[PDB]
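Engineer:
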């Protein structure tokens, strides 16, 4: 029971890390799309 | 003498060598060297580990 309690706390912290890792990747990839749109827009502006 | 007609119209078509296109201007991210925190000697707690 004592081993289970200590292990269960560590696994919960590991779950916390996974949630943060996924959240950051989602935000970073959203910014990648915004950057791509602006770069593509500039090429269109030159032709305009 | 100046290669014009009787009416004054020029007889030779001129040229101007069209200006060289638009210009592309870009910006870039810049990074610099960054350090980390240091470690001090630790205190001795009154409680067990």
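Chains as they are written, first to last, in PDB author numbering: chain B, 2051 to 2098; chain A, 2002 to 2050.
Cβ coordinates follow ideal geometry from the N, Cα and C atoms, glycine included.
1) Please report the distance separating the alpha-carbon of residue 2014 of chain A from that of residue 2023 of chain A.
2) Identify the residues that DSSP records as bridge partners of residue 2011 of chain A: which are they?
3) Taking only the alpha-carbon atoms, compute the straight-line gap between residue 2088 of chain B and residue 2074 of chain B and give it to the nearest angstrom.
4) Please report the residue range of the alpha helix (DSSP H) in which residue 2066 of chain B lies.
5) Can you round the beta-carbon distance between residue 2033 of chain A and residue 2096 of chain B to whole angstroms, since I take them to be within the 8 Å contact cut?
Structural biologist: In brief:
1) 27 Å
2) A:2005
3) 21 Å
4) 2052 to 2097
5) So it is not a contact: roughly 32 Å between Cβ atoms.
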